[PDB]
Each structure stands twice: as structure tokens, then as C-alpha cells.
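Here you'll find one protein chain in two forms, each presented separately as C-alpha cells under the names structure 1 and structure 2.
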Structure 1
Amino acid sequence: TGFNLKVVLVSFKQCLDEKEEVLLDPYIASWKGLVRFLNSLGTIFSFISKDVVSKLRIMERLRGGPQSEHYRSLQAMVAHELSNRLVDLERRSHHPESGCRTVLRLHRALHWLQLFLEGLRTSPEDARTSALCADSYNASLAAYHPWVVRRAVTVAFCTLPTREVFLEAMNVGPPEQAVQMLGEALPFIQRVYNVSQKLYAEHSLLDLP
């Protein structure tokens, strides 16, 4: 029953080393956990997250390929792809699937997840899970999606259960306990997101095609 979300959220701890580099292996591992979380929410969430599975595979290929060492961290990846002109900076052509542009999309998606869970964490007892999901989507990831894609994604929101059931489905006790867990574990995702955001901002990569 439900999903062991705490393990996945806490795994984001492993994504940052002492130098605050975002390590790609744990990043991919944590994201695979998030995909299993999404799968547990139902077929529509599996459907809309196919994009994320595809991008994780792209990153696994790069990390297993000849230049694997250069994808050890997002920092190493950026240095390697920029200096070797392996990133399409203006229009997608010769490197439509660079690690840089690919991780960018994973990162934007991560923001939705963290905003959704944080809204959930602080929600009143009467809040609807569907509204928390839509609101966090439209605040965040929707900005990068064409209106028609937003409509397709939105189909998913009404399939979510009540707040109580959704919280209990995290397998850590009643809603107030699940709330405690999110308070503990969310900071791990937020730190990874912030470090990643600043890295991309620093190199003017936030709008890669």
C-alpha cells in the first residue's frame, strides 16, 4: 500500500558532496525514485512522466559512455560540454540532447515536485490535493509549456485522492506525521535545486533550447 516517499526525498542528501557539486549518479538515482513515486500515483502520472524517464536514460547513456568522467557532476558536465561546443545555445541542431539541455528539463520538473510537496506540507486540513497539484504546476513548470501541453498535463490533477489519503499514503503515519516528514526531508531537494539553479544561471543556460 502507498509509497515509501521518505526514502526517496532523503536520498537527495547524497546528491551534494562536500564541495557542493551535484553528483550525477545520485541525482539520477533520486529521480528514478521520484518516477516510482509518480508511478504509484496512477497511470496518468506514469504517462506524463515518460519525458522524465527518457531524459534519465539520456543521462545514463552519457554517464556510461566514453566521456563518463566528465559527467560525474553537473559542474563537470557544464565545463566539458561548453568548452567542447557540445551544447546548442540558440537552436536545437547538432546536439539536441546535450546533458546540459537535458538536465535543465529534469531540474525544472524537480521544482514542481518540491513546490507541490511544500504546499501540501503547509496546507489547511480542508485543502484539495488536486488544487495543490495544479497550483504548484501553474506557478512553476507550466511557464515552459505551451498552453496545449498544460491542458494535457492538467488532466492528471483530478485523479488525486483527498489530502488525508494522500498524506497517509506516504506510509509514515497519520497526516500530521506525514507533515513532519516533509518538513524534515524537503530541504534536501531544495538544496539540490538551488545549487543547480545557480549553476545554470551562472553560465546563462536557463533558456537552452
Structure 2
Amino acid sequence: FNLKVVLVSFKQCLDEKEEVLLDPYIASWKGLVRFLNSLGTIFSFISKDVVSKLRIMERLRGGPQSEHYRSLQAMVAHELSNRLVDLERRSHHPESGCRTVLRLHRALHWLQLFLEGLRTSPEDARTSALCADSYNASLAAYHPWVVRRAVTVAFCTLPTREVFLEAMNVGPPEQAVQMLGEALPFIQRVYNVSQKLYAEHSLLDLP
């Protein structure tokens, strides 16, 4: 089990017609949780939010309407038609299938930015400031200043640029960086598809 294993499991999230299958997506996320946890990081507390959300999508896929949660496209279609999404404010659907995936989608965005910033960096780069750039380019818009100003402090508990690279269990840093340019574009496709879908239906601002 390593980071390459995870990043190429996303290959399975996109069917032959470019739909995003739920079951692999969840499975791929159970791995990302697993990898987050393997780091001796303060940021393992957010893995309870992920697992929480992953269990949301697991009950929907397991419920009486399993078939509509086969894919994100199916899910969006079903939930928008049946009016099961709080488009305006949270009211009766605070745990919509749509908005839940939206949070993991945004999280998926910070990941590829950081992994890229990890890949295309000087070998003496501050990982705290790598993260801050990635964070401010993704999640920061959706977080209150209190969360913003504090999560920055916690970016300092982060290991070094090397320390991240061997943590992936692929070998020396220079061979982590090589696999990073090869295992990445699987998650980038899933993101891009999911991004397009959520944007076709004006769903990038679900509360």
C-alpha cells in the first residue's frame, strides 16, 4: 500500500463514457484517508469529517435509491429533479448527496495542487508555504477568517519537502517526484469531469 496505488485507483472512477462512478470514488477516498492518517500529522482530525461524509454517500448508495447514486451524473440528475438539494440555504437537506461530494471535490482540488507544488518545487522548499499557496488557491474562499488564520499556523506542524516524498512509499524523493508526474493525471481527470458537471448545473456554491 502506497500513494501510487491510490492515485491510479482513480483510473477506475471514470467509466468508458466519462461518468464518475461512486463506488470507486468512495474506495479511492478510503485510501486517501488511510494515507493522510499514515502521516504523523495534526491534520488527521479532518479525516473524521471525510469518513463522516464517506458514510453519507455509502448509505445513499446502499439505500432504496441505490441506482441513482451509481454516478455523480446520475446523482445530480436524480437529486435536482426530485428537489433533494438545498440550492439556496441549508434547510431540509443539510446532507445532500450533491453538497457532500462537493466538499470532497474541493478537497480533491487542494490535493492535486499540493502534490503538483510538491513535484515542481526546489528541493529546499518550505512545505508550510507550499500548502498555504495551495490552500489559498482552493479552500480559503469557503472558510471563515478564523479557520483561515489558524489553519496557517497548523501548516507549520507539517514535515519537510523530503519527509513528504519518502512517506509515499515509492523510494527516494527523485523517484517519488517521477511517479508524481505519472500517477497524477488520473485524479486530474476525475476532478475535471466532476468540476464540469457541478458547473453545468450551477452547483459550485451548495451550502
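For residue numbers, the reference is structure 1: its sequence is counted from 1. For the two forms, the rigid core is made up of the largest set of C-alpha atoms that agree within 1.5 Å on superposition.
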query	finding
Shifted position (C-alpha, 2 Å or more, core held fixed) between structures 1 and 2, chosen from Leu62, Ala156, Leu34, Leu56	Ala156
Cα displacement of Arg128 between structures 1 and 2 reaching 2 Å, rigid core superposed	yes
Rigid-core-superposed Cα shift at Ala142 between structures 1 and 2, Å	1.7
C-alpha positional change at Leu9 between structures 1 and 2 - rigid core reference, Å	0.7
Cα displacement of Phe45 between structures 1 and 2, core-superposed (Å)	2.0
